[PDB]
Asks: 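Let me begin by handing over the structure; questions about it come next.
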Amino acid sequence: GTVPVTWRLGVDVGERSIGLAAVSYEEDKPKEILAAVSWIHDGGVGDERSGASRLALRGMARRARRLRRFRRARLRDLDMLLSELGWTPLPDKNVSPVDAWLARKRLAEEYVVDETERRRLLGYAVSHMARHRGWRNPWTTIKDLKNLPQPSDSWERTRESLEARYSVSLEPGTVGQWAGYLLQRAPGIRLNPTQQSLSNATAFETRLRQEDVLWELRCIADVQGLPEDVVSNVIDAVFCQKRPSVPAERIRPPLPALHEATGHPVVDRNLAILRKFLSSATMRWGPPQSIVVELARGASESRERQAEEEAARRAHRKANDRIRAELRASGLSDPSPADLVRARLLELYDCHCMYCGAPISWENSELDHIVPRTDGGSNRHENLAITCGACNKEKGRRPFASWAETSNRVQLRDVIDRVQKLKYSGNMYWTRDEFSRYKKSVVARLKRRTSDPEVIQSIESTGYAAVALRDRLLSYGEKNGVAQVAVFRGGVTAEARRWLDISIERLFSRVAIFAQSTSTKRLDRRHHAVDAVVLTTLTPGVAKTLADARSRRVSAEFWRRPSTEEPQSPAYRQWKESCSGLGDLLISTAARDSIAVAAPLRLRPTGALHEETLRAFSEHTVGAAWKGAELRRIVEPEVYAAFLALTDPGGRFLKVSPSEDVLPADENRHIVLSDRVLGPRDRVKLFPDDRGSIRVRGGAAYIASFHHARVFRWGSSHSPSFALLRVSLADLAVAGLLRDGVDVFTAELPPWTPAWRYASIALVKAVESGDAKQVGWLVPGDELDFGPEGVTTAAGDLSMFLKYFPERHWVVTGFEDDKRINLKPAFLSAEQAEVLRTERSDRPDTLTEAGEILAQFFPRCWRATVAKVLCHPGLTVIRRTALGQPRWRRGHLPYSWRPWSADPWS
RNA sequence: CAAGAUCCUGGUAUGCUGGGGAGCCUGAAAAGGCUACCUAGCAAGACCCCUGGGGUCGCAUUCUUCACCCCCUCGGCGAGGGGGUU
DNA sequence: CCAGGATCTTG
DNA sequence: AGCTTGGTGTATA
DNA sequence: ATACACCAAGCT
Ligand SMILES: [Mg+2]
Ligand SMILES: [Mg+2]
Ligand SMILES: [Mg+2]
Ligand SMILES: [Mg+2]
Ligand SMILES: [Mg+2]
């Protein structure tokens, strides 16, 4: 089932996306777009709030579990040591709250002459010290902990502050003595400060160190006169700690293969999608003869570096619009970026030629650079300097600050001191960190007395993801006969599109969202696939030519500001002649909707089973009146089934409204369990809230996010009714379905699971009547194709959105209640509408009506009724292959299905 | 040539729930609250090895399970991975 | 939150 | 009654 | 710090 063709693979790697293209080639010209797909991934991020990956959250949870296990073992070993020593540990209950602290205080203060009292207090103090021992460096052993200075300087400062605050001296000032005195004198005080957030003054302000607890134990030891072997064993049992080793990590040579993971989340996401696309494309067209990849400036930078980027652009664009409005009030017709550079240099140097004195006006500017552009310089803000005209024609191609000291009319050795002693202002182009970096880089470029080479321009992407992708693609190329694999950076495909008259907005018929300036190509998510298609045309020579054109354009962007020279190469001419039909192929592919935007499905039932907060159980009387919500909150499944048989003897599911009085107060109400009998005065355990919850560890926890929704269809074949059974991981956990050999989308859920407990009442009644059967399953990230008919059940904000954005494909994002599915548009970007909200907030009247609707619509998107979505005839739930084609044949992979015509399972 | 980027390992301090209670505030028929502090647990659980106890795994690898193909590790025989075209 | 490993990949 | 929309809790450092 | 699930008044 394979025919070999000549084709090239284009890979457009992004932070949350990757664009893949298989383009057929005939005579070094594009012939047919075999495949073009944009795949959207999360970057491996599991916690969206903190940016931590799924692997990082799993590792932190695993290490917390290991910490609890070894803490249990260590406390048990201390308990055996205390039993051997005859010292009674602190009891679990029926003791005073301050017994441990007064035991520590009394043992560090006075010698106890009673034998049993001393052993009891010693056991109390030692057990409580092992429960609260403070922090130490984990790579330092017990002996080196014993050799630390005792007490630490942090506890010495804390003890001095406590002595000054409370006007009392405790001798010796140990942590147990001070905490016992504070709990006896100012009750309700809190010892350690609370992270993550009324005038309760905290007793301690620094982190407790292990040497402080060790010194307190030494003071207790030498006050009570304990034997040294006993003290050594107590220290070895309390402060024992496993060393930080490397058990889990494994931490010409062969290149890593496609199936080998690199361990970095976003790179694994991109590589998994790329290896699936490459395997499908090789099985259907044979191997490619060329593979071209680029990587964006993201996907490697940290969240801190992202915060540096947004902290740069907000201050820079505020300063540019401020002096642009000042230049518009100054009479200049066209405000321009180099005019903003010279206005910044007058905002900073206060109109001062350094080399000539002579404060100037706007006419005698004549902007010049410190380093000449032929001699390694560029149009950087550090290199640019304010001039006076007379301080412009005197440099004369010579090195800066080298001929100047060996000449008249100007002096050196005060330039560095004068720049470095200047004051950082409040609001300007640079921030507080960027102004220090600007001053240090200016001084470093002022320190030149010789050549500072050179005018380097040869860009191939060499980051971690870049080298990993090059090694794996070169391994595939050696295994499959690919002629060349080229990985670029930037920044080059935008050039290749703008010199080929390819605009995403014209290509996909996108309405204008910005009132002025150029519309962004990043609004439509298919632009990644278009850039992959364009990337198939690139060769390293023409990529270097386009980079040269971009660099000469941004060099002359400020030169002609106070342009644009076209590329001049036979390779560029041959490439532009060869890519004449690429545009016609792009409109031909876009008009027939062949380009798809898809996301991978998370089908494995792994992750957080429930929420992490334990909650208190409620109690309800058996003989009292039961409402529908109180019957829904019944914790024990046998009692739940017995009350279900009470409210309906033939029924299997609970058919209750949440607010309805289901069954009244009956005084001889008796509930017959299989092994117990519940009297009318007995108390039934209830979940605290009327939502999905499970029993974990003697408490109640809410269910986590839904793993999937099982789609049920009932009614007539021409007017069917639809509902969703939202199944979280807690339903699978309490149903015993998290074992081997279980299809989690079709395995039967018991009625007491929160899925059937909190299903819609129409669905529950139809399943009781036998009319409703499961016709499919929906996961977050499934694509709903509404067909050429589109959405016909729009109302209000969705109507106003679909007037400008007739979106046919929608992505399932969640199931926010029992009758609703949350749908976002597949082709429309997320970061574009988010930062578009930010532009409307800061800048008024800058967005067209469509842009305003997009901004006010994208946060919640289409919180859609299921009955108004699945009632569309011709709606298809599209499960793409790796090439972006909908899987329609029934196999052992998820296939596309139509909710109106899906046959029920089994 | 530093810093990071990804984890990994060992720890700490809170927080939540259950069991308690030092002080305060109510209710006094008795048991409710607040601030702290003490103590146990902190995914559900699975698999060992010996009515419990102890040891290791259990939130990653985005198409679960099933079925086919490929790669790797150990001794047909299980685990790790990978791919599956519409 | 803390220290510190191992490894890449930039140069 | 039923769909729309606004607002908020969520283990964390 | 997110975005998904839940809760609770508005329009119709
Ligand atoms: Mg404890
Ligand atoms: Mg401790
Ligand atoms: Mg792109
Ligand atoms: Mg405690
Ligand atoms: Mg446990």
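Every chain is numbered from 1, with letters handed out A, B, ... down the list of sequences. Just the heavy atoms: all of them, side chains too, but no hydrogens, waters or symmetry mates, feed the values below.
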Asks: Which atom pairs link the protein and nucleotides 9-11 of chain C when you take only N or O atoms and keep those under 3.5 Å?
Replies:
unit_1, atom_1, unit_2, atom_2, d
C:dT9, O3', A:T462, O, 3.2
C:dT10, OP1, A:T462, OG1, 2.3
C:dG11, OP1, A:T462, OG1, 2.8

Asks: Does A:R65 place a side-chain N or O at less than 4.0 Å from the phosphate oxygens OP1/OP2 of B:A43?
Replies: no
Asks: Under 3.5 Å for both pairing distances: what stems, at least three Watson-Crick or G-U pairs long, include DNA chain E?
Replies: D:1-10 with E:3-12
Asks: So which nucleotide from B:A40, E:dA5, B:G11 ends up closest to the side chain of A:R131?
Replies: B:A40
Asks: I want to know if B:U62 and B:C63 are stacked - that is, whether their six-membered base rings have centres under 5.5 Å apart and planes under 30 degrees.
Replies: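 No, the six-membered rings of B:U62 and B:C63 do not stack, since they fail the test of centres under 5.5 Å and planes under 30°.
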Asks: Taking side-chain hydrogen bond (donor to acceptor under 3.5 Å, both in side chains) as the test, write out the residues that go with A:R16, two or more places apart.
Replies: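 A:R16: no side-chain hydrogen bond (donor to acceptor under 3.5 Å, both in side chains) contacts found.
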Asks: Set out, line by line, the N/O atom pairs under 3.5 Å between protein and nucleotides 1-3 of chain D.
Replies:
none

Asks: Determine whether the side chains of A:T206 and A:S154 contain a donor N or O and an acceptor N or O closer than 3.5 Å.
Replies: no
Asks: Taking syn as any angle within 90 degrees of 0 and anti as the rest, which one fits B:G21?
Replies: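 What B:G21 shows is a syn base, its glycosidic angle lying within 90° of 0.
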Asks: For B:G21 and D:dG7, measure between their P atoms and round to the nearest Å.
Replies: 46 Å
Asks: Collect all protein-nucleotide pairs involving nucleotides 9-11 of chain D in which both atoms are nitrogen or oxygen and the distance is under 3.5 Å.
Replies:
unit_1, atom_1, unit_2, atom_2, d
D:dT10, OP1, A:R615, NH2, 3.2
D:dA11, OP1, A:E612, N, 3.0
D:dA11, OP2, A:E611, OE1, 3.3
D:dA11, OP2, A:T613, OG1, 3.1
D:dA11, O5', A:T613, OG1, 3.2

Asks: Positive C1'-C2'-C3'-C4' means north, negative means south, so call it for the sugar of B:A28.
Replies: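 North pucker for B:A28.
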Asks: Quantified in whole Å, what is the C1' atom distance between nucleotide B:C59 and nucleotide B:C48?
Replies: 23 Å
Asks: Mind checking who B:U51 pairs with, Watson-Crick or G-U wobble, both distances under 3.5 Å?
Replies: none
Asks: It should be established whether A:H128 places a side-chain nitrogen or oxygen under 4.0 Å from OP1 or OP2 of nucleotide B:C37.
Replies: no
Asks: For A:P265, answer base if it contacts any base atom (sugar-phosphate contacts may also be present), sugar-phosphate if it contacts only those atoms, and nothing otherwise; contact means non-hydrogen atoms under 4.0 Å.
Replies: sugar-phosphate
Asks: Touch check for A:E816, heavy atoms < 4.0 angstrom, all strands: base, sugar-phosphate only, or nothing?
Replies: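 Answer is base: heavy atoms of A:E816 come under 4.0 Å of a base.
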Asks: Could you tell me how far B:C38 sits from B:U12 if I compare only their P atoms? Round to whole Å.
Replies: 14 Å
Asks: Specify the glycosidic conformation (syn or anti) of B:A43, with syn defined as within 90° of 0.
Replies: syn
Asks: Is there a Watson-Crick or G-U wobble partner for B:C1 with both distances under 3.5 Å, and which nucleotide is it?
Replies: none
Asks: Indicate, yes or no, whether a donor-acceptor pair under 3.5 Å links the base of B:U61 to the side chain of A:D268.
Replies: no
Asks: Does the separation of the ring centres of A:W862 and A:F801 fall below 6.0 angstrom?
Replies: no
Asks: Where the side chain of A:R604 is concerned, which of B:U62, B:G18, E:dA5 is the nearest nucleotide?
Replies: B:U62
Asks: Considering just the side-chain nitrogens and oxygens of A:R69, establish if one lies under 4.0 Å of OP1 or OP2 belonging to B:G55.
Replies: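 Answer no for this pair, as no side-chain N or O of A:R69 is under 4.0 Å from OP1 or OP2.
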Asks: Between side-chain atoms of residues 48-60 of chain A and protein atoms elsewhere (two or more places apart, or another chain), which donor-acceptor pairs fall under 3.5 Å?
Replies:
unit_1, atom_1, unit_2, atom_2, d
A:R49, NH2, A:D47, OD2, 3.3
A:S50, OG, A:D47, OD2, 2.3
A:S53, OG, A:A56, N, 3.2
A:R54, NH2, A:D42, OD2, 2.9

Asks: Under a 5.0 Å criterion applied to side-chain heavy atoms, does A:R860 engage the major groove or the minor groove?
Replies: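 When the groove-edge atoms are checked, the side chain of A:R860 turns out to sit in the major groove.
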Asks: At under 4.0 Å between heavy atoms, which parts of nucleotides 79-86 of chain B does protein reach? Answer with one letter per nucleotide, 5' to 3': B base, S sugar-phosphate only, - none.
Replies: --SSSBBB
Asks: Roughly how far apart, to the nearest Å, are B:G15 and B:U35 at atom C1'?
Replies: 16 Å
Asks: Do the side chain of A:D797 and the base of D:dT4 come within less than 3.5 angstrom through a donor-acceptor pair of N or O atoms?
Replies: no
Asks: Anything under 3.5 Å between a protein N or O and an N or O of nucleotides 20-27 of chain B, put it in a table, one pair a line.
Replies:
unit_1, atom_1, unit_2, atom_2, d
B:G20, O2', A:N94, N, 3.1

Asks: Of the candidate nucleotides B:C38, B:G11, B:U64, which contains the atom at the shortest distance from the side chain of A:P605?
Replies: B:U64
Asks: Name all residues meeting the salt bridge (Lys or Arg N to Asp or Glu O under 4.0 Å) criterion together with A:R305; count only those two or more places apart in sequence or in a different chain, and write none if there are none.
Replies: A:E308
Asks: Under 4.0 Å from OP1 or OP2 of B:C59: is there any side-chain N or O of A:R54 that close?
Replies: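 Indeed not, no polar side-chain atom of A:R54 lies that close.
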Asks: Please list all pairs passing the salt bridge (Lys or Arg N to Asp or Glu O under 4.0 Å) test where one or both residues lie in residues 731-744 of chain A, with sequence neighbours left out.
Replies: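 Passing the test, one end in residues 731-744 of chain A: no pairs.
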Asks: Looking at B:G15, is it paired to B:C42 in the Watson-Crick or G-U wobble sense, both distances under 3.5 Å?
Replies: yes
Asks: Taking any heavy-atom pair under 4.0 Å as a contact, classify A:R207: base, sugar-phosphate, or nothing.
Replies: base
Asks: Report the base-pairing partner of B:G76 (Watson-Crick or G-U wobble, both distances below 3.5 angstrom), or none.
Replies: none
Asks: How would you label the contact of A:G814 with the nucleic acid (heavy atoms, under 4.0 Å): base, sugar-phosphate, or nothing?
Replies: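 Result for A:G814 = sugar-phosphate.
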Asks: Only counting residues at least two apart or in another chain, list the ones meeting side-chain hydrogen bond (donor to acceptor under 3.5 Å, both in side chains) with A:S693.
Replies: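 Applying side-chain hydrogen bond (donor to acceptor under 3.5 Å, both in side chains) to A:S693 gives none.
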Asks: What does A:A186 touch in the nucleic acid at a heavy-atom separation under 4.0 angstrom: a base, only the sugar-phosphate, or nothing?
Replies: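 No contact.
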Asks: Under 3.5 Å for both distances, do we get a Watson-Crick or G-U wobble pair between B:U35 and B:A22?
Replies: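 Taken together, B:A22 and B:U35 make a base pair (Watson-Crick or G-U wobble, both distances under 3.5 Å).
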Asks: Considering every strand and a 4.0 Å limit on heavy-atom distances, what is the contact class for A:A608: base, sugar-phosphate, or nothing?
Replies: base
Asks: Using a 4.0 Å heavy-atom cut-off, does A:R62 contact any base of the nucleic acid, only the sugar-phosphate backbone, or nothing at all?
Replies: sugar-phosphate
Asks: Taking only the side-chain heavy atoms of A:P138 (C-beta and beyond), determine which of B:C59, B:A40, B:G10 contains the nearest atom.
Replies: B:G10
Asks: Do the side-chain N or O atoms of A:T194 get closer than 4.0 angstrom to the phosphate oxygens (OP1, OP2) of B:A13?
Replies: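 For B:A13, neither OP1 nor OP2 has a side-chain N or O of A:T194 closer than 4.0 Å.
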Asks: With sugar-phosphate meaning primed atoms plus P, OP1 and OP2, does A:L729 contact a base, only sugar-phosphate, or nothing at under 4.0 Å between heavy atoms?
Replies: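 No contact.
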Asks: Under 5.0 Å from its side chain, does A:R863 reach major-groove atoms (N7, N6, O6, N4, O4) or minor-groove ones (purine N3, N2, pyrimidine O2)?
Replies: major
Asks: Between A:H128 and A:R104, does any side-chain donor sit less than 3.5 Å from a side-chain acceptor?
Replies: yes
Asks: Assign A:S302 to base, sugar-phosphate, or nothing according to its heavy-atom contacts below 4.0 angstrom with the strands shown.
Replies: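 A:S302: backbone/sugar contact only, no base atoms under 4.0 Å.
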Asks: Of all residues at least two apart in sequence or in a different chain, which pass the side-chain hydrogen bond (donor to acceptor under 3.5 Å, both in side chains) check with A:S280?
Replies: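 Scan of A:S280 (side-chain hydrogen bond (donor to acceptor under 3.5 Å, both in side chains), adjacent residues dropped) gives none.
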Asks: Taking the same atom, P, in B:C24 and in B:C57, what whole-Å distance lies between them?
Replies: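 Straight-line distance between the two P atoms is 50 Å.
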Asks: Taking atom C1' in both B:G58 and B:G45, what distance in whole Å separates the two?
Replies: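 About 7 Å, rounded to a whole number of Å.
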Asks: Side-chain N or O of A:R190 less than 4.0 angstrom from OP1 or OP2 on B:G15?
Replies: yes
Asks: Got a salt bridge between A:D690 and A:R633, using NZ or NE/NH1/NH2 to carboxylate O under 4.0 Å?
Replies: no
Asks: Could you measure between the two P atoms, the one in B:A36 and the one in B:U17, and give it in whole Å?
Replies: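 The same atom, P, in both gives a distance of 14 Å.
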Asks: Which side of the base pairs does A:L67 approach, major or minor groove, at under 5.0 Å side-chain distance?
Replies: major
Asks: For the side chain of A:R602, starting at C-beta, report the closest nucleotide among B:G11, B:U9, B:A60.
Replies: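 Among the listed nucleotides, the one closest to the side chain of A:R602 is B:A60.
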Asks: Sticking with atom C1', work out how far B:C37 lies from B:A13, rounded to a whole angstrom.
Replies: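 Per the computed distance, 15 Å lies between those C1' atoms.
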